[PDB]
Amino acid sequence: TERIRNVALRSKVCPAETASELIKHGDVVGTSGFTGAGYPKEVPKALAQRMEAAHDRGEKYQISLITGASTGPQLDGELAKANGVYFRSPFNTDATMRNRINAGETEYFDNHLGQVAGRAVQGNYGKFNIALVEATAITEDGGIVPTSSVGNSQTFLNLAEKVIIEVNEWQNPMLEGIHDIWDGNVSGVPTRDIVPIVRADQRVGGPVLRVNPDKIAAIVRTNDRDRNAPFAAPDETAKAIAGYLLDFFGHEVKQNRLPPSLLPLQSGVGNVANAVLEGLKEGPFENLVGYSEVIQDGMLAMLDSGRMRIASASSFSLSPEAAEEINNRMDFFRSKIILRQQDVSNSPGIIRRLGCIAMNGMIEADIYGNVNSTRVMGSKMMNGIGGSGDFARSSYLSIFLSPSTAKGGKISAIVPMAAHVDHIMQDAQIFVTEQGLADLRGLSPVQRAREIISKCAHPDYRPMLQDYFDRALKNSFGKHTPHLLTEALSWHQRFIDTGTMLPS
């Protein structure tokens, strides 16, 4: 059936290429897209071509690209191969775009996902020229129905001078109704509203993005698939980590420090976080509730089980085999899920109010439990802080999950001093590896160290860590948080210098 149900706007359809010409050099461009779901696909490819062309003729052609979160190959990928982005924000997982960022070719700054909207409205990123948003359909009265994510779309539509909509008939029409967009002022000019979300399954707004039709300069019909990263089956390390965490939960429930149905759960994606979710499905806990950034395959499974009553997120991030399952009983799942604006799904006030249990991965943690989420050796960007900082600081319990080693043994997940800090000690309470679970609740730095080292570190690095501690204790400039400054970062420089952390 016909996707553009507003009669007049049909008059605004043109081809991807013609739409692309609307985007000038130096434009700040806000787009939909979040964990490889619901980003514009055709216009960006078209824009790439024209950029490569204009480059080969010695003329400048680059844009500022602000998304919800990570996009996919058609957007981040293409625009990067074509050297088309001078500034990116706030979160990328594209290999090509990564290399561009790490080479200094694209300026990057990974803001907290929950704050991007507010900073955009504040003017931090400059005036927005284009909003480029993918849509399932346009309603009779001109509402834009989002696709597989909501992200920052509503904010970009309100800020941008001109708007381009891609109506993608690949997206399932029954996504319509799954979203909840708030009418008022979430991240605008203070004083902001109270967004009265008091329960994860609650709807406070409507199913469509709102925009002055006059700003819609172009509507492109499309049919292209999302980036559907495939199911990374849990290995031995991940299964082990799940085990320790489910034990800990079972114990918290026994001590009456959590109810039998736990609290609202936020997990990321990985094989790590993915395993935890498989653990929970078989585990003893029932009536679970997700209040996450993302709905991944795990949550889908439990929504099916009945193990999870409801899941709230800003986007999907399914695998081909999962995506397929949902498209069938999309009528069922539609009623167990809610997709919200990312500034609502990552609202500190709401996360804290619901008491979320945050479960996030990490590069590395130092012995005092500071966390590195982003910059390998402290300088080389991986993905970005994302929403881990939103959930870690705001959650009821802040849990970090990781294997004890990276690079088949050559890197220790636990180190003397993290090369980059994303989450300070205050923002991390439970660490889990395949070695064991550290519980830092109520501890001082020094006691945090005993816990992390003896519970989490790998046998091969435990001793060296213990040694770093013991001597640091004796010699540190202060004894409160003891450090040997001359060899704090040394384990890193040693990897930089020899490709391993183990020494001679």
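The term rigid core refers to the most C-alpha atoms you can superpose between the two forms while keeping them within 1.5 Å. We number the residues from 1 along the sequence you see.
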query	finding
Higher-deviation stretch (C-alpha RMS, rigid core fit) in 4 other deposited structures of this protein, choosing from 227-235 and 261-269	227-235
Stretch with larger C-alpha RMS deviation in 4 other deposited structures of this protein, core superposed, 342-350 versus 184-192	184-192
Average Cα temperature factor in the PDB entry - higher stretch of 105-113, 264-272	264-272
Selected stretch [higher average CA B-factor]: 352-360 or 281-289	281-289
Residue with highest C-alpha B-factor in the PDB entry, from 211, 175, 322, 219	322
Among 180, 183, 166, 427 - the residue whose C-alpha B-factor is largest in the record	183
Ranked against its chain, the third holding the CA B-factor of residue 58	highest
Cα B factor band for residue 255 (lowest, middle or highest third within the chain)	middle
Assigned third (lowest, middle, highest) for the C-alpha B factor of residue 230	highest
Lowest, middle or highest third - CA B-factor, residue 192	lowest
Record-listed C-alpha B factor of residue 13: chain third	lowest
